[PDB]
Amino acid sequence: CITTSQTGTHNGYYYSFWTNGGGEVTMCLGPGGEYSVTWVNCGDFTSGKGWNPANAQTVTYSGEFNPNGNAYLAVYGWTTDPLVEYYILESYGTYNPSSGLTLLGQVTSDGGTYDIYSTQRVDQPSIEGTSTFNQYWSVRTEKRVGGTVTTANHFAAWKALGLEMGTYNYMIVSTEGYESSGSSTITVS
């Protein structure tokens, strides 16, 4: 298992794990698209499997997401030129990350409806070091764990609202935690 920030490929899938070092955070890689992550009193971390460079994959995923506090389960990724961080948020724990964000519209996809938001992140860690970049959200209006996410429907809906996307960097199904504990296991295809 992995307890320090790391990227690679495992059974043909890209994996990314990032932690600021807080708490214990342990990512365990499995067959095919499987990963698991168990955490206690974390700082901030992201983790999962997918593709890099990605290409707006239709993602299928299943498993279990069990946060105690603030955490997120999302199809998650970056673009470059411009630098963008994005989340198609499927479930989250105690804190709704769109709190305080300006609602841009909706997209319905794969049976669900998602509210769209953008916010500027200032001097935050990123795949280009500490930077300033925009961060896009599709937040599902009801939480779920597992299903198909047609990323291209979200991206098309975001672009139609004036949100610019760069060149695809990685895209994964990320479990992310903020000052919390918990576990999850997700199998990506």
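When you see a residue number, it is the position in the sequence shown, counting from 1.
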item: Segment of higher mean CA temperature factor, 13 to 21 or 162 to 170; value: 162 to 170
item: Mean C-alpha temperature factor, higher of 120 to 128 and 39 to 47; value: 120 to 128
item: Residue with maximal Cα B-factor (values as given in the PDB entry) among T79, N96, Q106, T102; value: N96
item: Out of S138, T60, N52, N134, residue topping the C-alpha B-factor column of the entry; value: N134
item: Where the record places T148 (Cα B-factor, split into thirds across the chain); value: middle
item: CA B-factor placement of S189, once the chain's modelled residues are sorted into thirds; value: highest
